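Virtual Cβ from ideal backbone geometry, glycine too; neighbours counted across all protein chains shown. Laboratory data are not the source of any read-out in this text; all were calculated from the coordinates shown.
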Amino acid sequence: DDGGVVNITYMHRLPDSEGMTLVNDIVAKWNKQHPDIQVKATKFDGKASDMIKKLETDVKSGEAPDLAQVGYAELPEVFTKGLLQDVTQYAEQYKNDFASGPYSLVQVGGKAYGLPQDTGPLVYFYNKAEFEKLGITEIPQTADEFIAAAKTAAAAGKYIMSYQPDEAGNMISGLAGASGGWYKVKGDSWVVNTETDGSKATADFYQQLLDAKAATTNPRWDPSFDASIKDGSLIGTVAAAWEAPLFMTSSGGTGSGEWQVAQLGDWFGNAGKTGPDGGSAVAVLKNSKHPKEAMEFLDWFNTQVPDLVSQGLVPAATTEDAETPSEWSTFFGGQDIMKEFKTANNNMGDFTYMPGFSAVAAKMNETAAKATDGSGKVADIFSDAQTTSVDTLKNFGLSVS
Ligand SMILES: CC(=O)N[C@H]1[C@H](O[C@H]2[C@@H](O)[C@@H](CO)O[C@@H](O[C@H]3[C@H](O)[C@@H](O)[C@H](O)O[C@@H]3CO)[C@@H]2O)O[C@H](CO)[C@@H](O)[C@@H]1O[C@@H]1O[C@H](CO)[C@H](O)[C@H](O)[C@H]1O
Ligand code: NA
Ligand code: NA
Ligand SMILES: [Zn+2]
Ligand SMILES: [Zn+2]
């Protein structure tokens, strides 16, 4: 057996914002109960896309943590780079605590590499009061009706959509992906087609909005995005469900009591489905000496539903129902928004991510930015994604048909 005290490290990229139950306060509850398995949790200091790059460096140097947050979209990539540890025999014991979909997303070739933590269905946030002032009395359900409403809003200096060039690889991929995968293994080779009917419909929607100067073009993570919420100009947008508390904080309180969550309309060729934008597992890394206890702790951590919800997560756990915090329902006009998140999750399309998708997302963002001043077309996001996807697979030494 192990010695009396096993020490585990967990690196995460949860927000830990004001109002949230901090990861360290969650882990402190574990540590008090379990002197036998002590956990040191740290938040990655850096932007999200740099985390798996640090993990790569640290695995090689022998400085890696036992446990690390790894997006579902990132897992095939870090697996292919040899950064993970097969923990199938441990995952199997905790399987029943988690939804089957998310659980399948910690697997590669029927081997499990950690446990699922949250999901990222796309939804629509809007200020119902401001919609009413503009005469928009229903969420438009077709792209054409939405675009018409958006032009009405824009003429009034309001915007019912944002175009987020720094999120094209996550949000726009998810919107296009709602109606069909881009990546499939066909035996000895990958087959790539990022130019699906969904990609085309998604491009057309944003193109018409941008041409009409009827969507904001501020990068999501820039202060200019927050300012557009605070100043009342951005009154509607697609958002990943985990954005809720982030968006609330970014608003400064503007529109509190008037915001609502709706399912995505049929704006993206999505035909009643939504798609994933982020969502993460926590994986056990290659040279962790204590995979059993890492997974023991992880199962506990990933089933602390209310605490995870406080971080904005839509938990993968099925051990208890997630409930909308009182502060959130108050901001969102009394709405039980978690119910909308659950509906969205249940209507979210499956989407395989090729190993190396980080390069695809990088290219998507670069090309997306060209569309903001009309130097590029929105459709080029997807034609470039096609080429970068094929190139990246080949760079990994993988066969492409
Ligand atoms: C899918 C994901 O991990 N989303 C993150 C989100 O990540 C994007 C942002 O960091 C933007 C900032 O510009 O960068 C994007 O990466 C780009 C990068 O900007 C380019 O320079 C480079 O060339 O390409 C990359 C793409 O490879 C990131 O993708 O960041 C937000 C805010 O920090 C995160 O919240 C979000 O992750 C989700 O966080 C939730 C907690 O708030 C949950 O953990 C959820 O599961 C995560 O998916
Ligand atoms: Na073949
Ligand atoms: Na291009
Ligand atoms: Zn114990
Ligand atoms: Zn051990």
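Numbers for the structure displayed
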| item | result |
| --- | --- |
| Lone qualifier among 224, 189 - being free of Cβ contacts under 8 Å to residues at least 60 places away in the same chain and surrounded by fewer than 24 Cβ atoms within 10 Å (Cβ to Cβ) | 224 |
| Residue within the stretch 201-208 that is of a type in the set (A, V, I, L, M), more than 21 Å from residue 47 (Cα to Cα) and outside any strand (DSSP E or B) present | yes |
| Hits in the stretch 96-138 - residues which are among the hydrophobic types (A, V, I, L, M, F, W, C) and under 28 Å from residue 310 (Cα atoms) | 98, 99, 105, 106, 112, 115, 122, 123, 125, 129 |
| Wholly within the stretch 1-109, strands (runs of 3 or more DSSP E) carrying at least 3 residues that are over 29 Å from residue 398 (Cβ atoms) | 6-12, 37-43 |
| Odd one out for residue 308 among (1) surrounded by fewer than 20 Cβ atoms within 10 Å (Cβ to Cβ); (2) under 15 Å from residue 246 (Cα atoms); (3) in contact (Cβ under 8 Å) with a residue 40 or more places away in the chain | (1) |
| Every residue from the stretch 365-386 that is in contact (Cβ under 8 Å) with a residue 24 or more places away in the chain and either closer than 22 Å to residue 49 by Cα or among the small types (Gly, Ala, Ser) (or both) | 365, 367, 368, 369, 371, 374, 379, 381, 382, 383, 385, 386 |
| In the stretch 183-194, the residues that are part of a loop (DSSP other than H, G, I, E, B) and under 16 Å from residue 391 (Cα atoms) | 193, 194 |
| Those residues of the stretch 309-365 which are within 16 Å of ligand 3 (Cβ to nearest atom) and either within 13 Å of residue 118 (Cβ to Cβ) or among the β-branched types (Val, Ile, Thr) (or both), in sequence order | 360 |
| Residues of the stretch 59-79 classified as in contact (Cβ under 8 Å) with a residue 60 or more places away in the chain and either more than 23 Å from residue 104 (Cα to Cα) or within 16 Å of ligand 2 (Cβ to nearest atom) (or both), total | 4 |
| Selection count where residues are outside any loop (DSSP other than H, G, I, E, B) and more than 20 Å from residue 72 (Cα to Cα), scope the stretch 301-342 | 13 |
| Residue under evaluation residue 351, criteria (1) part of a loop (DSSP other than H, G, I, E, B); (2) of a type in the set (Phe, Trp, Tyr); (3) surrounded by 24 or more Cβ atoms within 10 Å (Cβ to Cβ), criterion not met | (3) |
| Extreme residue, surrounded by the most Cβ atoms within 10 Å (Cβ to Cβ), among residues of the stretch 255-276 that are in a strand (DSSP E or B) and over 18 Å from the mean Cα position of the chain (by Cα) | 259 |
